[PDB]
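The block underneath contains the structure these notes are about, expressed in structure tokens.
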Amino acid sequence: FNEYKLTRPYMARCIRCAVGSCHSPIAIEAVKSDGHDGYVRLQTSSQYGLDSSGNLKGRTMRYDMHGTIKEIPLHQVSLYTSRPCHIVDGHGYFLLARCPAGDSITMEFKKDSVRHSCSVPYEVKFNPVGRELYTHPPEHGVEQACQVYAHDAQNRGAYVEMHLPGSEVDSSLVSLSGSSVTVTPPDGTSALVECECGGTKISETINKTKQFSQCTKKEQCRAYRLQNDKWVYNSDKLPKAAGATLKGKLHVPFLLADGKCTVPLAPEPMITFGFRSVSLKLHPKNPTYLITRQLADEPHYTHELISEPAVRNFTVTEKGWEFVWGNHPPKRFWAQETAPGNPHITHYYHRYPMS
Amino acid sequence: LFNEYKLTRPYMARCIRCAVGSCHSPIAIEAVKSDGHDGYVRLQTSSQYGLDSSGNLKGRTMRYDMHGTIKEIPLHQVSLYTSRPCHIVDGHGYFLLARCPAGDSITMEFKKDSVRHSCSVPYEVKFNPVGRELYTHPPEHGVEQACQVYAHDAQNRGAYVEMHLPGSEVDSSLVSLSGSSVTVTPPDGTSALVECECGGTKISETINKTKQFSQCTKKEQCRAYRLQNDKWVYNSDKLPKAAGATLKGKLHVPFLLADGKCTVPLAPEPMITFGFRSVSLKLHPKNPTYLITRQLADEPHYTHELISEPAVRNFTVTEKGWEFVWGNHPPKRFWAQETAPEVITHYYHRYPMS
Amino acid sequence: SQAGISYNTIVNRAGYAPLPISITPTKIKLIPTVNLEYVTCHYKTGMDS
Amino acid sequence: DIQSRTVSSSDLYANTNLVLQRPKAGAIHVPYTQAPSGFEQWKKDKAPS
Amino acid sequence: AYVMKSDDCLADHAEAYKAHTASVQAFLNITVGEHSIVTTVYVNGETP
């Protein structure tokens, strides 16, 4: 199922890392809140569902820390926008959380006396379902159609791309011993150290620890560690190689799918009558749409947002009327004649006016 | 000593958001109240506070039912928030006092070494400040005004929640296929009701026995119930009721809305300026402050204006009167005596229409 | 064209009796013919490395 | 919305437009949709005394 | 930099339509001499 076991994580720039900007391993690149009930799909530099070697562990996260895929659980990771979120599940680069609304999504965990963090600006937006604009959903109500980022991590159609990585610069591979430069590639992972100042060097230090004369300082030669075995995503925060980078295709999990969501239902309005008139006392809990029309050529669609107890004296005719208060159904009204008078004058001026 | 909640038990109940979805939480929030003044809140939980798992008294622990069994947590590990974090003051019986801020929900949460039990509810928490100055957080200093807050006192004050007999909780961990048929494995010492049909509506009332209900072949057609009956419960809508007359006892609701002298902020002194039958005021507010003005005649011409930014206000002041109330200050009261500035201007000011 | 209003009327030949006819329209539809031009959805900015 | 003749009484009049509603599938709960409390509303909507 | 269509476009997409030439279609409950019948009918000229 997880066939991309051959895709490794990366360190990527983040504006905030608890001390200025850094190259965090929990960097964020996409936050999708186009769904309804607070759920959100995030796209990290870290991976989920694998372990440091590549086997299928469960609810853990894996990340590069300067060369090395470490491994934490997810009950130590905490992500919050304005209030805390609730991480629902994870898969590959993609994390499904259940967040509230805010301007900025933050994602931090703990190491031995080191909080790692990334706080990026993205409007995470709680998009209510229905005509009852709420903020936190209710214990009860009526079911309505909704689009949510679903727990299903199958290949539901959409794919992303994994490229060949980029030569990662590492100033730790080099040292001065004593007056001339010396590079140490770690464990057979080769290096492409390039030198300068009169004798510009290529290099393929395949399995050795090659000393360089013609150099005296450490900032003069930059070491480039070459992995080129594990593939990576088309990140704007990683350099690319030369020839042809496109090696394969990933599948994005937690796609926006359909279902049903329990939306609230407004309190029952109070309906007083009158000649050609309907008076409505409205007492909401949360803000509610009032959508009203007539049922002739000039329907007079009136669309109001009520956030406070309201009184609305509507005009109503023999041609019809329709009233929609929250997620209730439409209640249709028609009028008939109790004009103030007896023809057998004050009558025939109300009924059939303009005369 | 006043804990006669001892004859109760902690119960499980549903809430929407349990950090993984909808669940059957031990830390449900049935009710939330914020009808006090300074942000103190009273919460009605599905968990007791102030007892152990064996009923002996203990100070700052909460007990809660996990899948049949009571546990304990110390209260210094049980967090809750609305918008930003709360601060638990005290707990007693089902009820929990807290010092929470304003928000759209309450989420209360704990852990037991690998888990994260949360429960979030869309009950509104209100911050209803005292006085004519509108604060969201109290000041280091000011003046004192009468207030009503949720007391720290866990007494019996004539207010009583109810106590019933818990309906038969269901369990499926007891029904087990041992073997080539069904066998309920009940909990040691306690009976269980079994109402399995599978061909013909079989029902038994096992006192204490591991009986092999045959002619079943499946544990989805068998469904078993539990009978504790030793301790009593609150009238929860998230729990089913028993058949008979189940209404006994009154538990005292603690931490009521009682009186006190809270601390209201004191607005800055206005820069007053006088003039002929006029008082100009230059006002400098810190927090939103209500301006409350009238006249001491038949037509008071009342103004109630929430000044929030630096404003200037040019009122009128007759020979009869004018009042001035600004935030939580005392009322000031002003009158005008006749200093009108050829000589018709004096009489056109003093006694006009002439 | 109105639902619920049970129309009623009678056929009246001479030598034969009246035949009643009761007609209640339950659902009056209006199905346009439709032609799809395009679909538009949110975008994603693809930043090559 | 609530009327009690005195404070320590036992007779209460309540008209709160209370209307029950169905429980969701797979849940034990008694839901409703009632008129909000007019006491808190009077407090939010009052002129000074 | 380029621009591509979201992953959720299989299920969050708005369909643009040109509409024309409606065919009104009526469901009728018709009783003619105790011979009740229920029928979808078209209001074209000749669609009996």
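Identifiers for the structure tokens are assigned positionally: chains receive A, B, ... in sequence, residues are indexed from 1 per chain, and ligands are indexed from 1 in the order shown.
In chain B, the set of residues within 10 Å of chain D (atoms considered: only C-alpha atoms) is residues 13, 14, 15, 23, 24, 35, 128, 158, 236, 237, 238, 239, 240, 292, 302 and 304 of chain B.
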TODO: Find the residues near residue 23 of chain C: any atom within 8 Å, counting only C-alpha atoms, skip ones fewer than 3 places away on the same chain, and give them as a list in words.
DONE: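 These residues fall inside the cut-off: residues 6, 7 and 8 of chain C; 28, 29, 30 and 31 of chain E.
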Distance filter 7 Å, only C-alpha atoms, chain D against chain A, as a PyMOL selection string: chain D and resi 17+24+31+33-36
May I have the residues of chain B within 8 Å of chain A, counting only C-alpha atoms, written as a list in words?
residues 15, 16, 19, 20, 21, 83, 84, 104, 105, 114, 116, 121 and 122 of chain B
Selection export as a compact mmCIF listing (two decimals), in the first residue's frame, atoms kept: N, CA and C atoms:
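Once written, again09.txt looks like this:
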```
# COMPACT_ATOMS: atom_id res chain seq x y z
N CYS B 15 -19.33 12.65 23.88
CA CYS B 15 -19.18 13.99 23.34
C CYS B 15 -18.51 13.89 21.98
N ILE B 16 -18.55 15.01 21.26
CA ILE B 16 -18.40 14.99 19.81
C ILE B 16 -16.95 14.76 19.43
N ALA B 19 -10.41 13.94 20.38
CA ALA B 19 -9.08 13.92 19.78
C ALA B 19 -8.93 12.89 18.66
N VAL B 20 -9.93 12.04 18.43
CA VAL B 20 -9.91 11.09 17.32
C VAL B 20 -11.25 11.05 16.60
N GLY B 21 -12.30 11.55 17.23
CA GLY B 21 -13.60 11.60 16.64
C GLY B 21 -14.65 11.73 17.73
N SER B 83 -10.54 29.32 25.00
CA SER B 83 -9.80 29.96 23.92
C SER B 83 -8.32 29.98 24.23
N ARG B 84 -7.98 30.40 25.43
CA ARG B 84 -6.70 30.16 26.04
C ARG B 84 -6.93 29.43 27.36
N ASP B 104 -15.76 30.02 22.78
CA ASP B 104 -16.89 29.39 22.11
C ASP B 104 -17.10 27.94 22.51
N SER B 105 -16.16 27.35 23.23
CA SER B 105 -16.26 25.95 23.61
C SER B 105 -15.52 25.76 24.93
N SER B 114 0.00 6.81 27.77
CA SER B 114 0.02 6.60 26.32
C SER B 114 -1.16 7.22 25.60
N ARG B 116 -4.67 10.06 25.22
CA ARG B 116 -5.01 11.47 25.27
C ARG B 116 -6.54 11.55 25.23
N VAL B 121 -16.82 20.66 23.84
CA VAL B 121 -18.25 20.94 23.81
C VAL B 121 -18.51 22.38 23.41
N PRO B 122 -19.54 22.66 22.58
CA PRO B 122 -19.76 24.01 22.06
C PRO B 122 -20.62 24.88 22.97
```
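For residue 27 of chain E, the non-local neighbours within 6 Å, defined as residues at least 3 positions apart in the same chain or in other chains and counting only C-alpha atoms, are residues 25, 26 and 27 of chain C; 39 and 40 of chain E.
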Next, the residues of the selection above should be written as a PDB file, in the first residue's frame with C-alpha atoms.
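Contents of result_6.pdb, freshly written:
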```
ATOM      1  CA  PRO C  25     -50.565  16.428 -10.933  1.00  0.00           C
ATOM      2  CA  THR C  26     -48.130  15.358  -8.238  1.00  0.00           C
ATOM      3  CA  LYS C  27     -44.889  16.689  -9.701  1.00  0.00           C
TER       4      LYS C  27
ATOM      5  CA  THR E  39     -48.271   8.300 -15.386  1.00  0.00           C
ATOM      6  CA  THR E  40     -45.296  10.363 -16.394  1.00  0.00           C
TER       7      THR E  40
END
```
Those in segment 14-250 of chain A with strand (DSSP E) from DSSP, as a compact mmCIF listing (two decimals) with N, CA, C and O atoms, in the first residue's frame:
```txt
# COMPACT_ATOMS: atom_id res chain seq x y z
N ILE A 28 6.46 23.20 6.79
CA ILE A 28 5.13 23.12 6.21
C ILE A 28 5.16 23.78 4.84
O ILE A 28 5.81 24.81 4.65
N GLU A 29 4.45 23.18 3.89
CA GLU A 29 4.39 23.66 2.53
C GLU A 29 2.99 23.85 2.00
O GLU A 29 2.82 24.54 0.99
N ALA A 30 1.98 23.27 2.63
CA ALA A 30 0.63 23.42 2.15
C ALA A 30 -0.32 23.08 3.27
O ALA A 30 -0.12 22.12 4.00
N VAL A 31 -1.35 23.90 3.39
CA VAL A 31 -2.38 23.77 4.40
C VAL A 31 -3.71 23.98 3.69
O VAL A 31 -4.02 25.09 3.26
N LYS A 32 -4.48 22.92 3.56
CA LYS A 32 -5.75 22.95 2.86
C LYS A 32 -6.88 22.87 3.87
O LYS A 32 -7.00 21.87 4.59
N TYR A 39 -11.67 20.23 9.58
CA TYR A 39 -10.60 19.31 9.24
C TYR A 39 -9.66 19.98 8.26
O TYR A 39 -10.07 20.85 7.49
N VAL A 40 -8.39 19.59 8.30
CA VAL A 40 -7.35 20.23 7.51
C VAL A 40 -6.33 19.20 7.07
O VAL A 40 -5.98 18.27 7.81
N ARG A 41 -5.82 19.42 5.87
CA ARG A 41 -4.81 18.57 5.25
C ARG A 41 -3.52 19.37 5.13
O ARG A 41 -3.49 20.39 4.44
N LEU A 42 -2.47 18.90 5.78
CA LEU A 42 -1.19 19.56 5.79
C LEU A 42 -0.18 18.73 5.02
O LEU A 42 -0.32 17.51 4.91
N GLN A 43 0.85 19.40 4.53
CA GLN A 43 1.88 18.79 3.69
C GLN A 43 3.23 19.17 4.26
O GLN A 43 3.67 20.31 4.13
N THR A 44 3.87 18.20 4.88
CA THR A 44 5.07 18.41 5.66
C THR A 44 6.30 17.94 4.90
O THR A 44 6.21 17.22 3.91
N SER A 45 7.46 18.37 5.37
CA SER A 45 8.71 17.79 4.95
C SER A 45 8.97 16.45 5.62
O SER A 45 9.79 15.67 5.14
N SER A 46 8.29 16.20 6.73
CA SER A 46 8.35 14.93 7.41
C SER A 46 7.36 13.96 6.81
O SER A 46 6.41 14.34 6.12
N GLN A 47 7.59 12.69 7.08
CA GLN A 47 6.73 11.62 6.62
C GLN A 47 6.06 10.95 7.80
O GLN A 47 6.46 11.11 8.96
N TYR A 48 5.01 10.21 7.49
CA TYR A 48 4.18 9.56 8.49
C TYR A 48 3.84 8.16 8.03
O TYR A 48 3.57 7.92 6.85
N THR A 60 3.64 7.12 13.84
CA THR A 60 4.90 7.80 14.07
C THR A 60 5.29 8.71 12.90
O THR A 60 4.75 8.62 11.80
N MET A 61 6.26 9.58 13.19
CA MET A 61 6.76 10.58 12.27
C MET A 61 8.27 10.46 12.16
O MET A 61 8.95 10.15 13.15
N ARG A 62 8.79 10.74 10.97
CA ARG A 62 10.18 10.55 10.62
C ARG A 62 10.70 11.78 9.90
O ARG A 62 10.01 12.36 9.07
N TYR A 63 11.92 12.17 10.24
CA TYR A 63 12.45 13.45 9.81
C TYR A 63 13.96 13.46 9.81
O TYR A 63 14.60 12.83 10.64
N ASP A 64 14.53 14.25 8.90
CA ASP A 64 15.97 14.37 8.78
C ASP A 64 16.47 15.45 9.72
O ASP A 64 15.92 16.56 9.75
N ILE A 69 17.51 10.16 9.49
CA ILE A 69 16.07 10.02 9.67
C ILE A 69 15.84 9.52 11.09
O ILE A 69 16.14 8.36 11.41
N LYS A 70 15.34 10.39 11.94
CA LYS A 70 14.96 10.05 13.30
C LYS A 70 13.50 9.60 13.30
O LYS A 70 12.91 9.34 12.25
N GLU A 71 12.90 9.50 14.48
CA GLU A 71 11.62 8.83 14.63
C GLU A 71 11.03 9.24 15.96
O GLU A 71 11.61 8.95 17.01
N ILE A 72 9.90 9.94 15.92
CA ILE A 72 9.11 10.19 17.13
C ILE A 72 7.73 9.59 16.95
O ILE A 72 7.31 9.28 15.82
N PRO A 73 7.00 9.39 18.03
CA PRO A 73 5.56 9.20 17.91
C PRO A 73 4.86 10.52 17.65
O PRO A 73 5.47 11.59 17.63
N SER A 78 2.60 18.38 18.53
CA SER A 78 1.48 19.24 18.84
C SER A 78 1.42 20.34 17.80
O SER A 78 2.40 21.06 17.60
N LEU A 79 0.28 20.45 17.12
CA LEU A 79 0.06 21.49 16.14
C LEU A 79 -1.19 22.26 16.51
O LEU A 79 -2.20 21.69 16.92
N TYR A 80 -1.09 23.58 16.37
CA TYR A 80 -2.14 24.48 16.80
C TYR A 80 -2.17 25.69 15.88
O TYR A 80 -1.14 26.14 15.40
N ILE A 87 -4.69 15.95 15.98
CA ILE A 87 -4.16 15.24 14.82
C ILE A 87 -4.92 13.94 14.66
O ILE A 87 -4.91 13.08 15.54
N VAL A 88 -5.56 13.78 13.51
CA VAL A 88 -6.44 12.64 13.29
C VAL A 88 -5.64 11.46 12.78
O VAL A 88 -5.72 10.35 13.32
N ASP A 89 -4.88 11.66 11.71
CA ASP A 89 -4.08 10.58 11.18
C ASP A 89 -3.01 11.17 10.29
O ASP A 89 -3.00 12.37 10.02
N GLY A 90 -2.11 10.33 9.84
CA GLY A 90 -1.03 10.75 8.97
C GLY A 90 -0.66 9.67 7.99
O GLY A 90 -0.90 8.48 8.23
N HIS A 91 -0.08 10.08 6.87
CA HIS A 91 0.29 9.16 5.81
C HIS A 91 1.25 9.88 4.88
O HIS A 91 0.88 10.91 4.30
N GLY A 92 2.44 9.33 4.71
CA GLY A 92 3.45 9.96 3.88
C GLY A 92 3.70 11.38 4.33
O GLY A 92 3.68 11.70 5.52
N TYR A 93 3.86 12.26 3.35
CA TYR A 93 4.09 13.66 3.61
C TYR A 93 2.88 14.38 4.19
O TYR A 93 3.01 15.55 4.57
N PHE A 94 1.72 13.73 4.28
CA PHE A 94 0.46 14.42 4.47
C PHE A 94 -0.19 14.06 5.79
O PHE A 94 -0.32 12.87 6.12
N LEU A 95 -0.64 15.07 6.52
CA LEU A 95 -1.18 14.93 7.86
C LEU A 95 -2.59 15.48 7.91
O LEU A 95 -2.84 16.60 7.45
N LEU A 96 -3.52 14.71 8.46
CA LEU A 96 -4.91 15.11 8.61
C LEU A 96 -5.14 15.46 10.07
O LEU A 96 -5.09 14.58 10.94
N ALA A 97 -5.43 16.74 10.31
CA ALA A 97 -5.71 17.26 11.63
C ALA A 97 -7.12 17.81 11.65
O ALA A 97 -7.76 17.97 10.60
N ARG A 98 -7.60 18.13 12.84
CA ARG A 98 -8.95 18.61 13.06
C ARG A 98 -8.87 19.94 13.78
O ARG A 98 -9.13 20.03 14.98
N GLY A 102 -7.80 30.15 12.29
CA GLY A 102 -6.77 31.09 12.66
C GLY A 102 -5.98 31.53 11.46
O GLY A 102 -6.15 31.04 10.35
N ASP A 103 -5.07 32.46 11.73
CA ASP A 103 -4.23 33.05 10.69
C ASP A 103 -2.97 32.24 10.42
O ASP A 103 -2.37 32.40 9.36
N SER A 104 -2.56 31.39 11.35
CA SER A 104 -1.21 30.86 11.35
C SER A 104 -1.20 29.48 11.97
O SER A 104 -1.70 29.30 13.07
N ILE A 105 -0.60 28.53 11.26
CA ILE A 105 -0.53 27.15 11.73
C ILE A 105 0.88 26.89 12.23
O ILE A 105 1.87 27.19 11.55
N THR A 106 0.95 26.36 13.44
CA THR A 106 2.19 26.10 14.14
C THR A 106 2.26 24.62 14.44
O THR A 106 1.23 24.00 14.69
N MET A 107 3.46 24.07 14.40
CA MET A 107 3.69 22.64 14.49
C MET A 107 5.00 22.44 15.21
O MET A 107 6.06 22.79 14.68
N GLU A 108 4.93 21.91 16.43
CA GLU A 108 6.11 21.83 17.28
C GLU A 108 6.09 20.54 18.07
O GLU A 108 5.03 20.03 18.45
N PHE A 109 7.29 20.02 18.30
CA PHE A 109 7.49 18.88 19.16
C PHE A 109 8.77 19.07 19.94
O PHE A 109 9.43 20.11 19.83
N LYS A 110 9.12 18.07 20.73
CA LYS A 110 10.16 18.18 21.73
C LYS A 110 11.19 17.08 21.55
O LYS A 110 10.86 15.93 21.24
N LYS A 111 12.44 17.46 21.75
CA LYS A 111 13.57 16.55 21.75
C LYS A 111 14.20 16.72 23.13
O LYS A 111 13.62 17.36 24.02
N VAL A 114 15.08 20.44 23.52
CA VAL A 114 15.02 21.23 22.30
C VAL A 114 13.61 21.15 21.74
O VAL A 114 13.20 20.09 21.26
N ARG A 115 12.88 22.26 21.79
CA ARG A 115 11.63 22.37 21.07
C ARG A 115 11.92 22.68 19.62
O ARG A 115 12.56 23.68 19.30
N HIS A 116 11.49 21.79 18.74
CA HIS A 116 11.48 22.04 17.31
C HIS A 116 10.12 22.61 16.96
O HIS A 116 9.12 22.20 17.54
N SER A 117 10.10 23.56 16.04
CA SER A 117 8.88 24.28 15.71
C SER A 117 8.94 24.84 14.30
O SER A 117 10.01 25.14 13.77
N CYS A 118 7.76 24.96 13.71
CA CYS A 118 7.56 25.73 12.49
C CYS A 118 6.20 26.38 12.55
O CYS A 118 5.19 25.69 12.74
N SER A 119 6.17 27.69 12.40
CA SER A 119 4.94 28.48 12.43
C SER A 119 4.85 29.25 11.13
O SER A 119 5.61 30.20 10.92
N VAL A 120 3.91 28.86 10.28
CA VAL A 120 3.74 29.47 8.96
C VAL A 120 2.41 30.20 8.85
O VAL A 120 1.40 29.76 9.43
N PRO A 121 2.36 31.31 8.08
CA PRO A 121 1.09 32.01 7.89
C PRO A 121 0.22 31.38 6.82
O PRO A 121 0.52 31.48 5.63
N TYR A 122 -0.85 30.74 7.24
CA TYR A 122 -1.87 30.30 6.31
C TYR A 122 -3.21 30.37 7.02
O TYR A 122 -3.38 29.83 8.11
N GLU A 123 -4.14 31.07 6.39
CA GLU A 123 -5.50 31.15 6.90
C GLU A 123 -6.07 29.74 6.90
O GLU A 123 -6.26 29.13 5.85
N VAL A 124 -6.28 29.22 8.10
CA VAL A 124 -6.99 27.97 8.31
C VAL A 124 -8.42 28.36 8.67
O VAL A 124 -8.64 29.03 9.68
N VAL A 142 -29.67 18.10 12.47
CA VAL A 142 -30.13 17.45 11.26
C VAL A 142 -28.93 17.22 10.37
O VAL A 142 -27.98 18.01 10.37
N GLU A 143 -28.95 16.14 9.61
CA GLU A 143 -27.84 15.77 8.76
C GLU A 143 -27.94 16.52 7.44
O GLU A 143 -29.03 16.68 6.89
N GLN A 144 -26.80 16.96 6.92
CA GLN A 144 -26.70 17.61 5.63
C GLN A 144 -25.46 17.12 4.89
O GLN A 144 -24.47 16.70 5.49
N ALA A 145 -25.52 17.21 3.57
CA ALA A 145 -24.40 16.86 2.71
C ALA A 145 -23.23 17.78 2.99
O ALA A 145 -23.41 18.99 3.16
N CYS A 146 -22.04 17.20 3.04
CA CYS A 146 -20.83 17.92 3.39
C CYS A 146 -19.65 17.28 2.70
O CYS A 146 -19.64 16.08 2.41
N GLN A 147 -18.65 18.11 2.43
CA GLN A 147 -17.37 17.67 1.88
C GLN A 147 -16.31 17.79 2.97
O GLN A 147 -16.09 18.88 3.50
N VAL A 148 -15.68 16.67 3.29
CA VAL A 148 -14.69 16.60 4.35
C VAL A 148 -13.48 15.84 3.87
O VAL A 148 -13.55 14.99 2.98
N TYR A 149 -12.35 16.18 4.46
CA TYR A 149 -11.11 15.45 4.23
C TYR A 149 -11.20 14.14 5.00
O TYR A 149 -11.15 14.13 6.24
N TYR A 159 -2.44 12.61 -7.49
CA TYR A 159 -1.06 12.21 -7.37
C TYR A 159 -0.17 13.44 -7.25
O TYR A 159 -0.51 14.52 -7.72
N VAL A 160 0.97 13.25 -6.60
CA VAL A 160 2.05 14.21 -6.60
C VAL A 160 3.32 13.49 -7.01
O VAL A 160 3.35 12.27 -7.17
N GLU A 161 4.38 14.26 -7.19
CA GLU A 161 5.57 13.82 -7.91
C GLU A 161 6.78 13.80 -6.99
O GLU A 161 6.97 14.73 -6.19
N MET A 162 7.60 12.77 -7.14
CA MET A 162 8.86 12.65 -6.43
C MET A 162 10.01 12.64 -7.42
O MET A 162 10.05 11.85 -8.36
N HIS A 163 10.95 13.54 -7.18
CA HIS A 163 12.10 13.79 -8.01
C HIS A 163 13.34 13.18 -7.40
O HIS A 163 13.32 12.61 -6.31
N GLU A 168 23.33 18.10 -1.29
CA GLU A 168 23.17 18.78 -0.01
C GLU A 168 24.53 19.23 0.48
O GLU A 168 25.46 18.43 0.58
N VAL A 169 24.65 20.51 0.76
CA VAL A 169 25.91 21.06 1.22
C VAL A 169 26.06 20.79 2.70
O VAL A 169 25.09 20.88 3.46
N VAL A 174 34.00 18.63 6.43
CA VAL A 174 35.33 19.17 6.20
C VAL A 174 35.90 19.66 7.51
O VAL A 174 35.18 20.08 8.42
N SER A 175 37.22 19.57 7.63
CA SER A 175 37.94 20.09 8.77
C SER A 175 39.33 20.50 8.31
O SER A 175 39.74 20.24 7.17
N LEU A 176 40.05 21.15 9.21
CA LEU A 176 41.41 21.61 8.97
C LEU A 176 42.34 20.78 9.83
O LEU A 176 42.25 20.82 11.06
N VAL A 181 43.38 21.21 4.04
CA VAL A 181 41.98 20.86 4.25
C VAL A 181 41.83 19.35 4.19
O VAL A 181 42.64 18.66 3.56
N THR A 182 40.82 18.81 4.87
CA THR A 182 40.57 17.38 4.84
C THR A 182 39.08 17.12 4.99
O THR A 182 38.45 17.62 5.93
N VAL A 183 38.52 16.32 4.08
CA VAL A 183 37.10 16.01 4.05
C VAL A 183 36.90 14.60 4.56
O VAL A 183 37.74 13.72 4.32
N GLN A 211 42.75 14.32 1.61
CA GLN A 211 43.27 15.61 2.02
C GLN A 211 43.54 16.46 0.79
O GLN A 211 43.92 15.95 -0.27
N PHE A 212 43.36 17.76 0.94
CA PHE A 212 43.57 18.73 -0.12
C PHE A 212 44.63 19.72 0.31
O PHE A 212 44.46 20.41 1.33
N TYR A 224 29.68 18.60 -0.91
CA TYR A 224 28.35 18.28 -1.40
C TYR A 224 28.16 16.78 -1.30
O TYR A 224 28.74 16.02 -2.09
N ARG A 225 27.37 16.35 -0.33
CA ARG A 225 27.13 14.93 -0.13
C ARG A 225 26.09 14.44 -1.12
O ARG A 225 25.03 15.04 -1.29
N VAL A 232 12.78 12.36 -3.53
CA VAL A 232 12.17 13.42 -2.74
C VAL A 232 11.25 14.25 -3.62
O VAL A 232 11.27 14.17 -4.84
N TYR A 233 10.46 15.06 -2.94
CA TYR A 233 9.40 15.85 -3.53
C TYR A 233 9.93 17.13 -4.17
O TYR A 233 11.03 17.59 -3.86
N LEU A 246 12.53 13.84 -12.82
CA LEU A 246 11.24 13.23 -12.56
C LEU A 246 11.36 11.72 -12.58
O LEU A 246 11.47 11.12 -13.65
N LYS A 247 11.32 11.11 -11.40
CA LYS A 247 11.44 9.67 -11.26
C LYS A 247 10.13 8.97 -10.95
O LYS A 247 9.91 7.87 -11.46
N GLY A 248 9.25 9.53 -10.13
CA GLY A 248 8.01 8.82 -9.88
C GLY A 248 6.88 9.68 -9.36
O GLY A 248 7.01 10.90 -9.24
N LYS A 249 5.78 9.01 -9.03
CA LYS A 249 4.53 9.65 -8.65
C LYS A 249 4.01 9.08 -7.33
O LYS A 249 3.87 7.87 -7.19
N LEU A 250 3.73 9.97 -6.38
CA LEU A 250 3.06 9.64 -5.14
C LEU A 250 1.56 9.83 -5.28
O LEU A 250 1.09 10.46 -6.22
```
* Asked: For chain A against chain E, which residues fall within 12 Å using only C-alpha atoms, given as a ChimeraX atom specification?
  -> /A:30,32-36,41,146-150,155-160,234-236,251-259
Students should find that atom CA of residue 36 of chain B and atom CA of residue 235 of chain B are spaced 24.8 Å
Chain A contacts on chain C, only C-alpha atoms, 8 Å, as JSON, numbers by chain: {"C": [47, 48, 49]}
(Q) Tell me as a PyMOL selection string which residues belonging to chain E come within 6 Å of chain C, counting only C-alpha atoms. (A) chain E and resi 1-6+9+13-32
Once you have the residues from the selection above, write them out as a PDB file, in the first residue's frame, restricted to C-alpha atoms.
```pdb
ATOM      1  CA  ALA E   1       6.317  28.499 -11.367  1.00  0.00           C
ATOM      2  CA  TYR E   2       3.127  27.154 -12.858  1.00  0.00           C
ATOM      3  CA  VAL E   3      -0.510  26.558 -11.981  1.00  0.00           C
ATOM      4  CA  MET E   4      -2.349  23.247 -11.747  1.00  0.00           C
ATOM      5  CA  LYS E   5      -5.706  21.969 -10.601  1.00  0.00           C
ATOM      6  CA  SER E   6      -6.260  20.976  -7.019  1.00  0.00           C
ATOM      7  CA  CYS E   9     -11.251  18.671  -7.988  1.00  0.00           C
ATOM      8  CA  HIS E  13     -15.720  21.327  -8.767  1.00  0.00           C
ATOM      9  CA  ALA E  14     -18.202  23.759 -10.252  1.00  0.00           C
ATOM     10  CA  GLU E  15     -19.771  22.749 -13.549  1.00  0.00           C
ATOM     11  CA  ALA E  16     -20.529  25.435 -16.124  1.00  0.00           C
ATOM     12  CA  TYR E  17     -23.572  24.860 -18.285  1.00  0.00           C
ATOM     13  CA  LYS E  18     -25.428  26.324 -21.221  1.00  0.00           C
ATOM     14  CA  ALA E  19     -29.133  25.574 -20.870  1.00  0.00           C
ATOM     15  CA  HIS E  20     -31.793  25.577 -23.559  1.00  0.00           C
ATOM     16  CA  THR E  21     -34.940  23.865 -24.788  1.00  0.00           C
ATOM     17  CA  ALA E  22     -36.619  22.642 -21.646  1.00  0.00           C
ATOM     18  CA  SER E  23     -38.957  19.647 -21.853  1.00  0.00           C
ATOM     19  CA  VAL E  24     -41.653  19.982 -19.217  1.00  0.00           C
ATOM     20  CA  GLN E  25     -42.577  16.581 -17.804  1.00  0.00           C
ATOM     21  CA  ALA E  26     -45.530  15.950 -15.508  1.00  0.00           C
ATOM     22  CA  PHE E  27     -46.458  13.114 -13.169  1.00  0.00           C
ATOM     23  CA  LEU E  28     -50.233  12.703 -13.122  1.00  0.00           C
ATOM     24  CA  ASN E  29     -52.695  10.673 -11.057  1.00  0.00           C
ATOM     25  CA  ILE E  30     -55.685  10.180 -13.334  1.00  0.00           C
ATOM     26  CA  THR E  31     -58.998   8.523 -12.453  1.00  0.00           C
ATOM     27  CA  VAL E  32     -61.445   7.871 -15.292  1.00  0.00           C
TER      28      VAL E  32
END
```
Discussion item. Can you measure atom CA of residue 5 of chain C to atom CA of residue 318 of chain A for me? One decimal in Å is fine.
Written reply: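 Answer for the atom CA of residue 5 of chain C to atom CA of residue 318 of chain A separation: 15.5 Å.
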Segment 243-253 of chain B surroundings by only C-alpha atoms, 12 Å radius, close-in-sequence under 6 positions cut, as a ChimeraX atom specification:
/B:2-8,42-44,91-97,150-168,229,231-235
